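> Take a look at this one; I'll ask things after.
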Amino acid sequence: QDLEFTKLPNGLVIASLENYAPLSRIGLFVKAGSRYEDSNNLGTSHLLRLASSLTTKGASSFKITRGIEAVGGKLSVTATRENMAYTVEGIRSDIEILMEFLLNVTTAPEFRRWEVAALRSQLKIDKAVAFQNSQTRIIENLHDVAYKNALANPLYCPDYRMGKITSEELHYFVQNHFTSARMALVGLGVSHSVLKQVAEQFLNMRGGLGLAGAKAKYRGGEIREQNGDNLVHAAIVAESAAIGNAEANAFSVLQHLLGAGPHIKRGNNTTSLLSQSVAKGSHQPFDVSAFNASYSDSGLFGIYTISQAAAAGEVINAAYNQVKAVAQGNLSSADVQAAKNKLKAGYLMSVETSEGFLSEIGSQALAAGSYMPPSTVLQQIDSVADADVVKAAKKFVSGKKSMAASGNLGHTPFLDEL
Amino acid sequence: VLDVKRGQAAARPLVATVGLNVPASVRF
Amino acid sequence: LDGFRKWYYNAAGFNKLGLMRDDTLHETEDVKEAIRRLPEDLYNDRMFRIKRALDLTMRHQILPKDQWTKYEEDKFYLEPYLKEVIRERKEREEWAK
Amino acid sequence: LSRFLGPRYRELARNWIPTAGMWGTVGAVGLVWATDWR
Amino acid sequence: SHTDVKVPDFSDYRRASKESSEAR
Amino acid sequence: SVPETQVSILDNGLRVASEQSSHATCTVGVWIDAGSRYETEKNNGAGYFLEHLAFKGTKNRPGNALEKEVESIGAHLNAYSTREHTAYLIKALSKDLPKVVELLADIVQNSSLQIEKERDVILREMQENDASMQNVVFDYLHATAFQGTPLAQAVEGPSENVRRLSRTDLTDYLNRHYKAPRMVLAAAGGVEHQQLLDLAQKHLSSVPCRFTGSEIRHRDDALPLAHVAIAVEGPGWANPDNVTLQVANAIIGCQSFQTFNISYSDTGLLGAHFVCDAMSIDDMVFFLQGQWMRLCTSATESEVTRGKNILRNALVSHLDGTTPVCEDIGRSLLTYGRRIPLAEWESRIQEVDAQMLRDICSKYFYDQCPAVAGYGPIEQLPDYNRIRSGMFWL
Amino acid sequence: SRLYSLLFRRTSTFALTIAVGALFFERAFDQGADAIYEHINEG
């Protein structure tokens with residue numbers, strides 16, 4: 001079968017596959033990431049994500065936990081800055097009460113003050129653990145040192161805001177950012193019919209569009225963090241294309257040309273122009289890749305390096321020089337064809353799993369209200385052509401950069417030197 | 001101590017993940 | 001009956017020491033939970049009233065009659081909350097059996 | 001007591017019954033050897 | 001690391017198999 | 001409605017198992033019944049070392065050539081080694097099976113053994129592999145539980161062997177433990193079984209363990225947290241009661257209190273690993289032992305159900321994706337000799353009730369002597385008499 | 001091995017076997033000792 005995406009007049013779009021698979025999954029996609037926050041509610045989103053277990057105006061936290069557990073179902077709340085999605089997974093027989101629990105959570109939080117209060121200690125941890133991988137700190141700092149207002153807001157709650165987030169604020173967010181028109185309910189394992197018959201009840205309530213989407217403004221800059229780690233992490237990005245343009249496809253082809261993760265375990269990722277350009281000069285251990293994060297109004301594209309503090313300089317320079325070569329037209333058509341094959345294989349393996357398929361449909365829904373068959377994409381990625389890739393490169397090599405560095409930064413260069 | 005502690009460099013945006021299930025983490 | 005209630009109220013005289021009804025509920029676990037949830041203002045107020053009573057009791061004196069919490073004035077703050085706590089214990093119990 | 005009224009609660013007891021009898025039984029025989037009643 | 005050495009031999013201690021455990 | 005997991009065999013004895021699915025990409029892998037259990041303490045890091053050297057150089061392809069090509073095709077190349085199995089698998093667009101299979105053929109035979117560098121890599125990482133406290137705890141829960149057997153020794157081996165290894169030794173392990181009857185070519189996703197069988201015919205057609213109730217305590221008080229694992233003897237891979245034990249684990253589910261049922265060929269470790277601040281280690285232990293005991297004498301149909309359902313949502317399937325499935329196909333053909341379908345798993349789950357769960361839990365957990373492995377500030381971790389006394393109730 | 005699985009593994013049964021055994025052991029001990037005393041002192 002195929003998804004059938006239908007936009008209920010309330011604005012919510014319903015879509016299902018009913019693969020008749022054993023464990024059906026259903027997820028609500030609501031544009032409610034930190035992006036949609038503002039300066040005085042920093043943190044609301046984080047808590048909201050960890051507070052999927054607070055008594056709902058219809059169910060006790062106890063039942064919520066026990067109920068979902070009993071049926072073996074699972075409710076998870078992923079969240080990016082551009083958006084956020086709640087997801088329930090389970091047996092086709094128990095997904096009626098799973099939709100009861102999920103739709104109660106999404107549309108009716110009691111946000112009891114005592115309850116929310118109990119969570120702020122759990123909040124410290126998340127923001128904390130997620131930072132184990134230095135990468136997190138970097139990407140966060142990066143999106144921050146790079147943007148001014150909207151996409152600069154962190155995914156994790158700041159240290160001063162813990163103890164200050166109140167139930168009111170949370171409720172405020174939902175009623176404001178979590179409205180119907182900004183949501184979409186995609187379900188794999190259910191009948192499109194019922195989705196309409198269980199959303200027409202709870203979701204169509206918040207009919208308004210919702211708080212305006214704060215636009216995002218680029219700022220440039222660099223934030224560094226001397227913390228004495230063994231490895232220097234450094235991300236250097238610039239402004240790039242947004243969601244909904246062919247230049248975003250050009251930038252995706254550009255990161256798969258430059259290198260977007262190893263395909264072989266213990267490989268050296270030989271092809272990566274970056275990896276090759278670093279490895280021809282530096283014998284130290286390193287990890288150089290291309291970073292691309294595009295949101296519906298703005299995108300960041302650049303390079304990400306992990307290296308020994310000492311070599312941190314020229315390695316970064318070598319990586320930067322490689323991108324400048326791509327900005328000068330120094331590329332081959334076989335390399336671009338291999339980059340396109342890598343990108344399309346990555347897309348197909350991303351959508352080959354059930355939860356990735358449900359997320360993709362979800363994202364497409366909120367983003368364009370339409371479903372784009374995997375096939376369609378393949379021919380559009382093919383549309384990207386060599387010159388297009390080169391173009392995106394020059395955008396990066398010219399646009400003001402934003403640099404987030406961490407480690408022993410005694411030999412890490414600056415932007416005016418880079 | 002980041003409660004219960006655990007190198008691959010991030011190349012994609014991050015996505016927090018928490019919920020009823022015990023596991024909870026972030027991916028690039 | 002209500003008049004009788006008022007009579008009992010005076011007889012109880014917890015009003016004299018200057019305490020509301022919810023003030024006297026024995027702190028059973030259940031009661032404890034509700035007390036905790038109380039918005040801080042009330043909690044701090046509860047403490048003040050309770051402590052005052054203690055001091056008054058120590059001196060074997062009662063507040064000025066006027067200051068006695070009038071039956072009508074007496075309001076139930078802990079109870080609204082307590083109800084939930086009880087229901088909560090109840091819910092857990094049957095999911096238990 | 002209200003809480004004790006439960007089907008599972010009942011199942012648990014039923015499963016626990018034999019063991020209970022045993023300890024009491026041992027105690028019983030024990031009392032015998034303990035006193036040699038006359 | 002933690003694999004450089006193996007548990008020391010207890011042969012002079014170890015007796016001489018769930019079959020035996022029940023008896024043991 | 002449900003895949004078939006059509007499997008065949010070839011001259012060599014290599015099996016070719018596949019489970020077609022509508023997903024588009026595929027995960028084609030080679031499993032081999034060769035791990036650290038088949039090593040004889042003179043080649044204790046040969047399998048791990050081989051992997052490091054493997055994926056890098058070969059007979060038809062020089063050095064990066066394979067790595068270079070798989071990137072060229074857009075596939076992800078992965079390999080792993082356990083105490084009993086070794087896997088080399090590629091996730092790739094189905095159409096590329098033709099090369100996803102020829103590449104795998106080189107990796108298993110015609111491989112070219114860099115050795116110096118990989119030695120350094122393995123050694124250095126091991127010098128830091130100590131950072132993975134949990135792996136440490138679990139490689140001693142193995143050493144102290146399987147003392148004197150080839151199941152005590154780690155997959156990586158001791159630094160000693162790593163340094164002292166040569167091409168010929170490797171060649172031996174390669175030529176000894178890479179036999180065709182001990183090999184499964186597993187494919188999951190958008191693959192046709194007849195095409196995969198023809199490709200396997202074209203390429204690749206050339207190919208008393210004992211548990212000892214014991215204790216190891218690595219005390220190092222400078223670490224902030226303590227990791228403790230307690231296990232008993234798991235039934236095995238083929239033992240039917242494994243399923244009633246998985247339900248028991250689903251009933252149990254201080255801190256990071258995970259539960260594990262690691263299975264090897266007619267043996268295993270069934271238990272719990274928990275990390276806690278030192279001061280609470282004893283209370284955790286007490287808590288944990290009480291629970292195992294709860295199941296042994298006081299189960300409840302309700303909770304069993306909770307456990308059966310969670311187990312029901314763990315079974316791996318096309319939804320989980322190609323790799324997860326392949327991986328299951330490779331392990332099922334190596335261990336059971338067949339791919340157990342999900343309907344048989346559901347039947348074995350629904351036949352489990354509370355009475356047989358507490359019977360099987362009394363069979364294993366009750367009264368058997370455990371293996372204990374602690375690392376960190378573990379002074380308040382109780383010694384063996386207190387844990388052994390907590391393994392039963394008066 | 002059977003005994004362990006039957007009367008010595010369940011603590012309740014462990015107690016049962018102990019108590020019952022003790023119940024019989026005593027009389028016998030008394031008898032044996034008394035008898036020995038008697039054989040030892042023939043008058």
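How things are named: the first chain in the structure tokens is A, the next is B, and so on; residues count from 1 in each chain; ligands count from 1 in the order shown.
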Residues of chain B were defined as contacting chain F if any atom lay at most 10 Å from it, counting only C-alpha atoms; please report them as a compact mmCIF listing (two decimals) with N, CA and C atoms, in the first residue's frame.


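Resulting contents of result10.txt:
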```
# COMPACT_ATOMS: atom_id res chain seq x y z
N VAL B 1 28.67 13.22 37.37
CA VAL B 1 29.18 11.99 36.80
C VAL B 1 28.37 11.62 35.58
N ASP B 3 25.33 10.77 35.68
CA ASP B 3 24.74 9.53 36.12
C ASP B 3 25.72 8.50 35.63
N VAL B 4 24.94 7.45 34.86
CA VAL B 4 25.69 6.32 34.33
C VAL B 4 26.39 6.64 33.02
N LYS B 5 27.89 6.91 33.20
CA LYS B 5 28.48 7.12 31.88
C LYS B 5 28.53 6.01 30.85
N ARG B 6 28.92 6.34 29.63
CA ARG B 6 29.05 5.32 28.59
C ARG B 6 29.99 4.22 29.21
N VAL B 22 13.37 3.07 29.20
CA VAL B 22 14.59 3.48 29.90
C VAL B 22 15.70 4.13 29.06
N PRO B 23 15.89 3.69 27.81
CA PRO B 23 17.00 4.32 27.08
C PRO B 23 16.72 5.77 26.73
```

> Would you list which chain F residues are within 7 Å of chain A using only C-alpha atoms, as an MDAnalysis selection string?

chainID F and resid 23:25 52 67:68 71:79 92:93 306 309:310 313 319:321

> Next, dump the selected residues to file, keeping only N, CA and C atoms, as a PDB file, in the first residue's frame.


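And here's again_24.pdb as it stands now:
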```pdb
ATOM      1  N   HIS F  23      11.708  -3.662   1.796  1.00  0.00           N
ATOM      2  CA  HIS F  23      12.593  -2.545   2.023  1.00  0.00           C
ATOM      3  C   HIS F  23      13.471  -2.519   0.805  1.00  0.00           C
ATOM      4  N   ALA F  24      14.151  -1.420   0.507  1.00  0.00           N
ATOM      5  CA  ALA F  24      14.924  -1.354  -0.747  1.00  0.00           C
ATOM      6  C   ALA F  24      16.378  -1.796  -0.666  1.00  0.00           C
ATOM      7  N   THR F  25      17.053  -1.492   0.428  1.00  0.00           N
ATOM      8  CA  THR F  25      18.454  -1.838   0.554  1.00  0.00           C
ATOM      9  C   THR F  25      18.609  -3.231   1.085  1.00  0.00           C
ATOM     10  N   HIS F  52      40.769  -6.641  12.187  1.00  0.00           N
ATOM     11  CA  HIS F  52      41.449  -5.379  11.995  1.00  0.00           C
ATOM     12  C   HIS F  52      42.225  -5.398  10.695  1.00  0.00           C
ATOM     13  N   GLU F  67      37.698  -1.351   0.503  1.00  0.00           N
ATOM     14  CA  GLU F  67      37.119  -0.257   1.253  1.00  0.00           C
ATOM     15  C   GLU F  67      36.809   0.795   0.219  1.00  0.00           C
ATOM     16  N   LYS F  68      37.724   1.022  -0.700  1.00  0.00           N
ATOM     17  CA  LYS F  68      37.501   2.084  -1.649  1.00  0.00           C
ATOM     18  C   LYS F  68      36.249   1.783  -2.455  1.00  0.00           C
ATOM     19  N   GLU F  71      32.778   2.078  -0.699  1.00  0.00           N
ATOM     20  CA  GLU F  71      32.412   3.475  -0.610  1.00  0.00           C
ATOM     21  C   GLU F  71      31.888   3.849  -1.961  1.00  0.00           C
ATOM     22  N   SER F  72      32.548   3.348  -2.992  1.00  0.00           N
ATOM     23  CA  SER F  72      32.139   3.682  -4.341  1.00  0.00           C
ATOM     24  C   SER F  72      30.711   3.225  -4.582  1.00  0.00           C
ATOM     25  N   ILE F  73      30.351   2.068  -4.044  1.00  0.00           N
ATOM     26  CA  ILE F  73      28.985   1.603  -4.200  1.00  0.00           C
ATOM     27  C   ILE F  73      28.054   2.308  -3.219  1.00  0.00           C
ATOM     28  N   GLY F  74      28.562   2.771  -2.077  1.00  0.00           N
ATOM     29  CA  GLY F  74      27.696   3.524  -1.190  1.00  0.00           C
ATOM     30  C   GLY F  74      27.221   2.666  -0.066  1.00  0.00           C
ATOM     31  N   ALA F  75      27.973   1.613   0.189  1.00  0.00           N
ATOM     32  CA  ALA F  75      27.572   0.669   1.195  1.00  0.00           C
ATOM     33  C   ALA F  75      28.336   0.810   2.470  1.00  0.00           C
ATOM     34  N   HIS F  76      27.713   0.411   3.561  1.00  0.00           N
ATOM     35  CA  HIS F  76      28.386   0.459   4.833  1.00  0.00           C
ATOM     36  C   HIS F  76      28.953  -0.895   5.169  1.00  0.00           C
ATOM     37  N   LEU F  77      30.237  -0.939   5.438  1.00  0.00           N
ATOM     38  CA  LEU F  77      30.982  -2.166   5.707  1.00  0.00           C
ATOM     39  C   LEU F  77      31.239  -2.266   7.200  1.00  0.00           C
ATOM     40  N   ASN F  78      30.761  -3.341   7.822  1.00  0.00           N
ATOM     41  CA  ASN F  78      30.907  -3.537   9.252  1.00  0.00           C
ATOM     42  C   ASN F  78      31.359  -4.961   9.534  1.00  0.00           C
ATOM     43  N   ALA F  79      32.014  -5.142  10.677  1.00  0.00           N
ATOM     44  CA  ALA F  79      32.423  -6.460  11.130  1.00  0.00           C
ATOM     45  C   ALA F  79      32.450  -6.468  12.642  1.00  0.00           C
ATOM     46  N   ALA F  92      23.788  -2.353   1.795  1.00  0.00           N
ATOM     47  CA  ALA F  92      23.940  -1.733   0.500  1.00  0.00           C
ATOM     48  C   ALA F  92      22.665  -1.779  -0.300  1.00  0.00           C
ATOM     49  N   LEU F  93      22.583  -0.965  -1.347  1.00  0.00           N
ATOM     50  CA  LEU F  93      21.412  -0.967  -2.199  1.00  0.00           C
ATOM     51  C   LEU F  93      21.285  -2.341  -2.802  1.00  0.00           C
ATOM     52  N   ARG F 306       2.946  -8.701  31.715  1.00  0.00           N
ATOM     53  CA  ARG F 306       3.803  -7.574  31.442  1.00  0.00           C
ATOM     54  C   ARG F 306       5.062  -8.104  30.823  1.00  0.00           C
ATOM     55  N   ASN F 309       4.565  -9.520  27.154  1.00  0.00           N
ATOM     56  CA  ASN F 309       4.320  -8.474  26.162  1.00  0.00           C
ATOM     57  C   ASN F 309       5.586  -7.725  25.777  1.00  0.00           C
ATOM     58  N   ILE F 310       6.406  -7.364  26.756  1.00  0.00           N
ATOM     59  CA  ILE F 310       7.651  -6.684  26.458  1.00  0.00           C
ATOM     60  C   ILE F 310       8.515  -7.587  25.611  1.00  0.00           C
ATOM     61  N   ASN F 313       7.461  -7.457  22.083  1.00  0.00           N
ATOM     62  CA  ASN F 313       7.833  -6.266  21.329  1.00  0.00           C
ATOM     63  C   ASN F 313       9.327  -6.186  21.167  1.00  0.00           C
ATOM     64  N   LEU F 319      10.471  -4.888  10.105  1.00  0.00           N
ATOM     65  CA  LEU F 319      10.331  -3.519  10.562  1.00  0.00           C
ATOM     66  C   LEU F 319      11.631  -3.018  11.157  1.00  0.00           C
ATOM     67  N   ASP F 320      12.288  -3.858  11.943  1.00  0.00           N
ATOM     68  CA  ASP F 320      13.530  -3.451  12.568  1.00  0.00           C
ATOM     69  C   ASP F 320      14.534  -3.125  11.478  1.00  0.00           C
ATOM     70  N   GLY F 321      14.372  -3.718  10.305  1.00  0.00           N
ATOM     71  CA  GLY F 321      15.250  -3.393   9.200  1.00  0.00           C
ATOM     72  C   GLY F 321      16.093  -4.540   8.703  1.00  0.00           C
TER      73      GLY F 321
END
```

> Report the distance between CA of residue 235 (chain F) and CA of residue 326 (chain F) in Å, rounded to one decimal place.

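That distance, rounded to one decimal, is 24.7 Å.
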
> Just want the 10 Å neighbourhood of region 24-29 of chain D, counted on only C-alpha atoms, with same-chain residues fewer than 2 positions away dropped. Output as a list in words.

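Final neighbour list, sorted by chain and number: residues 19, 20, 21, 22, 31, 32, 33 and 34 of chain D; 12, 13, 14, 15, 16, 17, 18, 19, 20 and 23 of chain G.
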
> Excluding residue 389 (chain F) and its own-chain neighbours fewer than 5 positions away, which residues fall within 12 Å of it when counting only C-alpha atoms? Please give them as a PyMOL selection string.

(chain F and resi 285-286+289-290+293+366-370+382-384+394) or (chain G and resi 11)

> Which residues are close to residue 84 (chain C), i.e. within 12 Å by only C-alpha atoms, leaving aside same-chain residues fewer than 4 positions away? Reply as a PyMOL selection string.

(chain A and resi 55+60+112) or (chain C and resi 30-31+33-35+37+78-80+88-91)

> Out of chain D, which residues get helix (DSSP H, G or I) from DSSP, as number ranges by chain?

D: 7-35

> Let's have the selection written as a PDB file, in the first residue's frame, with N, CA and C atoms.


```
ATOM      1  N   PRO D   7      -7.391 -10.717  43.750  1.00  0.00           N
ATOM      2  CA  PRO D   7      -7.287 -12.027  43.105  1.00  0.00           C
ATOM      3  C   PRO D   7      -5.840 -12.465  43.017  1.00  0.00           C
ATOM      4  N   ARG D   8      -4.972 -11.604  42.501  1.00  0.00           N
ATOM      5  CA  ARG D   8      -3.558 -11.924  42.455  1.00  0.00           C
ATOM      6  C   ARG D   8      -3.148 -12.171  43.877  1.00  0.00           C
ATOM      7  N   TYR D   9      -3.399 -11.198  44.734  1.00  0.00           N
ATOM      8  CA  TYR D   9      -3.126 -11.360  46.146  1.00  0.00           C
ATOM      9  C   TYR D   9      -3.523 -12.762  46.545  1.00  0.00           C
ATOM     10  N   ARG D  10      -4.687 -13.206  46.089  1.00  0.00           N
ATOM     11  CA  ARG D  10      -5.140 -14.553  46.403  1.00  0.00           C
ATOM     12  C   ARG D  10      -4.221 -15.587  45.789  1.00  0.00           C
ATOM     13  N   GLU D  11      -3.886 -15.404  44.517  1.00  0.00           N
ATOM     14  CA  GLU D  11      -2.977 -16.330  43.852  1.00  0.00           C
ATOM     15  C   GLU D  11      -1.686 -16.452  44.636  1.00  0.00           C
ATOM     16  N   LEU D  12      -1.121 -15.321  45.036  1.00  0.00           N
ATOM     17  CA  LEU D  12       0.129 -15.346  45.770  1.00  0.00           C
ATOM     18  C   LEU D  12      -0.002 -16.218  47.001  1.00  0.00           C
ATOM     19  N   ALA D  13      -1.071 -16.016  47.758  1.00  0.00           N
ATOM     20  CA  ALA D  13      -1.264 -16.777  48.977  1.00  0.00           C
ATOM     21  C   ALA D  13      -1.354 -18.253  48.665  1.00  0.00           C
ATOM     22  N   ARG D  14      -2.175 -18.608  47.685  1.00  0.00           N
ATOM     23  CA  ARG D  14      -2.350 -20.008  47.334  1.00  0.00           C
ATOM     24  C   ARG D  14      -0.999 -20.608  47.033  1.00  0.00           C
ATOM     25  N   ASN D  15      -0.175 -19.865  46.308  1.00  0.00           N
ATOM     26  CA  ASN D  15       1.150 -20.352  45.967  1.00  0.00           C
ATOM     27  C   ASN D  15       1.907 -20.381  47.279  1.00  0.00           C
ATOM     28  N   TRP D  16       1.629 -19.485  48.212  1.00  0.00           N
ATOM     29  CA  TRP D  16       2.433 -19.486  49.435  1.00  0.00           C
ATOM     30  C   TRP D  16       1.965 -20.508  50.480  1.00  0.00           C
ATOM     31  N   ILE D  17       0.689 -20.868  50.456  1.00  0.00           N
ATOM     32  CA  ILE D  17       0.164 -21.841  51.413  1.00  0.00           C
ATOM     33  C   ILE D  17       0.992 -23.063  51.806  1.00  0.00           C
ATOM     34  N   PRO D  18       1.462 -23.836  50.815  1.00  0.00           N
ATOM     35  CA  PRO D  18       2.185 -25.056  51.184  1.00  0.00           C
ATOM     36  C   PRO D  18       3.367 -24.753  52.088  1.00  0.00           C
ATOM     37  N   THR D  19       4.161 -23.758  51.725  1.00  0.00           N
ATOM     38  CA  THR D  19       5.340 -23.430  52.508  1.00  0.00           C
ATOM     39  C   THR D  19       4.942 -23.068  53.920  1.00  0.00           C
ATOM     40  N   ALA D  20       3.861 -22.314  54.055  1.00  0.00           N
ATOM     41  CA  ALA D  20       3.418 -21.896  55.374  1.00  0.00           C
ATOM     42  C   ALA D  20       3.123 -23.105  56.237  1.00  0.00           C
ATOM     43  N   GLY D  21       2.398 -24.066  55.680  1.00  0.00           N
ATOM     44  CA  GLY D  21       2.047 -25.246  56.440  1.00  0.00           C
ATOM     45  C   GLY D  21       3.300 -25.944  56.908  1.00  0.00           C
ATOM     46  N   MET D  22       4.278 -26.029  56.015  1.00  0.00           N
ATOM     47  CA  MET D  22       5.518 -26.716  56.342  1.00  0.00           C
ATOM     48  C   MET D  22       6.172 -26.154  57.593  1.00  0.00           C
ATOM     49  N   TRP D  23       6.435 -24.854  57.605  1.00  0.00           N
ATOM     50  CA  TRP D  23       7.111 -24.259  58.748  1.00  0.00           C
ATOM     51  C   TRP D  23       6.303 -24.492  60.003  1.00  0.00           C
ATOM     52  N   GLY D  24       4.996 -24.296  59.916  1.00  0.00           N
ATOM     53  CA  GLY D  24       4.149 -24.565  61.060  1.00  0.00           C
ATOM     54  C   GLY D  24       4.264 -26.026  61.425  1.00  0.00           C
ATOM     55  N   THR D  25       4.275 -26.895  60.422  1.00  0.00           N
ATOM     56  CA  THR D  25       4.391 -28.325  60.669  1.00  0.00           C
ATOM     57  C   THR D  25       5.687 -28.645  61.386  1.00  0.00           C
ATOM     58  N   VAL D  26       6.790 -28.106  60.886  1.00  0.00           N
ATOM     59  CA  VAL D  26       8.070 -28.347  61.517  1.00  0.00           C
ATOM     60  C   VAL D  26       7.993 -27.864  62.944  1.00  0.00           C
ATOM     61  N   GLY D  27       7.434 -26.676  63.133  1.00  0.00           N
ATOM     62  CA  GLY D  27       7.307 -26.131  64.466  1.00  0.00           C
ATOM     63  C   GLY D  27       6.480 -27.062  65.316  1.00  0.00           C
ATOM     64  N   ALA D  28       5.442 -27.639  64.725  1.00  0.00           N
ATOM     65  CA  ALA D  28       4.579 -28.544  65.465  1.00  0.00           C
ATOM     66  C   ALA D  28       5.369 -29.736  65.954  1.00  0.00           C
ATOM     67  N   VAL D  29       6.006 -30.438  65.026  1.00  0.00           N
ATOM     68  CA  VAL D  29       6.802 -31.590  65.401  1.00  0.00           C
ATOM     69  C   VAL D  29       7.861 -31.131  66.375  1.00  0.00           C
ATOM     70  N   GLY D  30       8.366 -29.925  66.156  1.00  0.00           N
ATOM     71  CA  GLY D  30       9.391 -29.398  67.029  1.00  0.00           C
ATOM     72  C   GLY D  30       8.888 -29.301  68.449  1.00  0.00           C
ATOM     73  N   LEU D  31       7.675 -28.793  68.623  1.00  0.00           N
ATOM     74  CA  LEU D  31       7.117 -28.653  69.957  1.00  0.00           C
ATOM     75  C   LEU D  31       7.069 -30.010  70.631  1.00  0.00           C
ATOM     76  N   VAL D  32       6.743 -31.038  69.860  1.00  0.00           N
ATOM     77  CA  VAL D  32       6.676 -32.376  70.415  1.00  0.00           C
ATOM     78  C   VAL D  32       8.017 -32.775  70.988  1.00  0.00           C
ATOM     79  N   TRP D  33       9.046 -32.762  70.151  1.00  0.00           N
ATOM     80  CA  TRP D  33      10.364 -33.163  70.612  1.00  0.00           C
ATOM     81  C   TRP D  33      10.833 -32.173  71.647  1.00  0.00           C
ATOM     82  N   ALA D  34      10.239 -30.991  71.635  1.00  0.00           N
ATOM     83  CA  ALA D  34      10.640 -29.961  72.573  1.00  0.00           C
ATOM     84  C   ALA D  34      10.156 -30.285  73.973  1.00  0.00           C
ATOM     85  N   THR D  35       8.969 -30.866  74.086  1.00  0.00           N
ATOM     86  CA  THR D  35       8.417 -31.109  75.415  1.00  0.00           C
ATOM     87  C   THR D  35       8.199 -32.563  75.775  1.00  0.00           C
TER      88      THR D  35
END
```

> Could you list, as a list in words, every residue within 10 Å of residue 17 (chain E), counting only C-alpha atoms and ignoring same-chain residues fewer than 2 positions away?

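Near residue 17 (chain E), the qualifying residues are residues 19, 20, 21 and 22 of chain E; 208, 209, 210, 211 and 212 of chain F.
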
> Let me see the file: selected residues, N, CA and C atoms, as an mmCIF file, in the first residue's frame.


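The file below, result.cif, is the result:
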```cif
data_model
loop_
_atom_site.group_PDB
_atom_site.id
_atom_site.type_symbol
_atom_site.label_atom_id
_atom_site.label_comp_id
_atom_site.auth_asym_id
_atom_site.auth_seq_id
_atom_site.Cartn_x
_atom_site.Cartn_y
_atom_site.Cartn_z
ATOM 1 N N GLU E 19 25.522 -32.038 37.529
ATOM 2 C CA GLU E 19 25.320 -33.358 38.084
ATOM 3 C C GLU E 19 25.939 -33.445 39.464
ATOM 4 N N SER E 20 27.126 -32.869 39.625
ATOM 5 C CA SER E 20 27.816 -32.941 40.907
ATOM 6 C C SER E 20 27.374 -31.837 41.850
ATOM 7 N N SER E 21 26.981 -30.695 41.298
ATOM 8 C CA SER E 21 26.616 -29.569 42.143
ATOM 9 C C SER E 21 25.600 -29.998 43.166
ATOM 10 N N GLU E 22 24.590 -30.731 42.722
ATOM 11 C CA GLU E 22 23.530 -31.135 43.623
ATOM 12 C C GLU E 22 24.117 -31.862 44.811
ATOM 13 N N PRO F 208 35.079 -29.165 27.799
ATOM 14 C CA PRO F 208 33.804 -29.191 28.518
ATOM 15 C C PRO F 208 33.669 -27.820 29.153
ATOM 16 N N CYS F 209 32.921 -26.921 28.530
ATOM 17 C CA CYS F 209 32.840 -25.578 29.113
ATOM 18 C C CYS F 209 32.145 -25.662 30.452
ATOM 19 N N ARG F 210 32.640 -24.961 31.468
ATOM 20 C CA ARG F 210 32.106 -25.146 32.813
ATOM 21 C C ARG F 210 31.953 -23.805 33.499
ATOM 22 N N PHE F 211 30.904 -23.651 34.298
ATOM 23 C CA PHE F 211 30.701 -22.421 35.047
ATOM 24 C C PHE F 211 31.207 -22.637 36.454
ATOM 25 N N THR F 212 32.007 -21.714 36.966
ATOM 26 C CA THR F 212 32.590 -21.881 38.288
ATOM 27 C C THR F 212 32.188 -20.767 39.224
#
```

> Can you measure CA of residue 43 (chain A) to CA of residue 31 (chain A) for me? One decimal in Å is fine.

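According to the coordinates, CA of residue 43 (chain A) and CA of residue 31 (chain A) are separated by 15.8 Å.
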
> Can you tell me how far CA of residue 80 (chain A) sits from CA of residue 47 (chain A), in Å to one decimal?

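Distance reported for this atom pair: 13.6 Å.
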
> I'd like the neighbourhood of residue 166 (chain F) as a list in words, where a residue qualifies if any of its atoms comes within 10 Å (using only C-alpha atoms), though same-chain residues fewer than 5 positions away should be ignored.

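Contacts, in chain order: residues 43, 46, 113, 115, 116, 119, 161, 171 and 172 of chain F.
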